[PDB]
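Okay, so here's just one chain, in structure tokens, the form deposited in one PDB entry.
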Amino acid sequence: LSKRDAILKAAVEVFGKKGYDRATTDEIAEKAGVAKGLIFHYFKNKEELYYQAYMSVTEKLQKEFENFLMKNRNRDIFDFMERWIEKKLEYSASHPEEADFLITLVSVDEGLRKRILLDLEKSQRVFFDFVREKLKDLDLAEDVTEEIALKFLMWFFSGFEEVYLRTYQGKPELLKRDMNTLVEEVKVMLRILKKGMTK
């Protein structure tokens, strides 16, 4: 682990534990075992240190997804999304530091938040292209257009995300306990969407 990656790892930890405003770069330096000045050497400032840590974790989740897609790209779209969500949930239960960090975007400077949100869209494009490509392969039911199927899926995914955050954020042991229940619920809900959207 280079000093730059140890700094980024330390920043993920400290930012997630203290939030963006209470976290100091001193704390991050010590946690990384590096000299305070090196943070400013590798990152212009606290904003940019936060940005690049955000990018770095977003990068790991992209590789996670590229691996999974490659392995699972031939599955039915609903089977694919079910397995992906189960992978996502398992990642978060084993990566509580990264999960706590990701949620601090909320608390951040307006411009930083904007810059990061636009980068989040770019990082996920391949997922959303794949999804809408695969929705074009379904024999959709009467009056279900691809745009409708996709809106539905997004409304649903957003709702689920909200409940995940409301219920499991900062509670990795609770997510582990509930993991079988969540994965089963999700399998069934996507089966519902499958049965109702297709003929």
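Basically, rigid core = biggest C-alpha set you can superpose within 1.5 Å across the two forms. When you see a residue number, it is the position in the sequence shown, counting from 1.
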property	result
Average Cα temperature factor in the PDB entry - higher stretch of 105 to 113, 73 to 81	105 to 113
Among modelled residues of the same chain, the CA temperature factor third for residue 63	highest
Modelled-residue ranking by C-alpha temperature factor, third containing residue 194	lowest
CA B-factor ranking of residue 174, expressed as a third of its chain	middle
Among modelled residues of the same chain, the CA temperature factor third for residue 151	lowest
Chain-wide C-alpha B factor ranking for residue 49, given as lowest, middle or highest third	lowest
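Beyond the structure shown, there is the form deposited in another entry, which is absent from this document and is the topic of what follows.
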item: Single mover in 69, 140, 131, 55, with Cα shift of 2 Å or more between the shown form and the other one when the core is superposed; value: 140
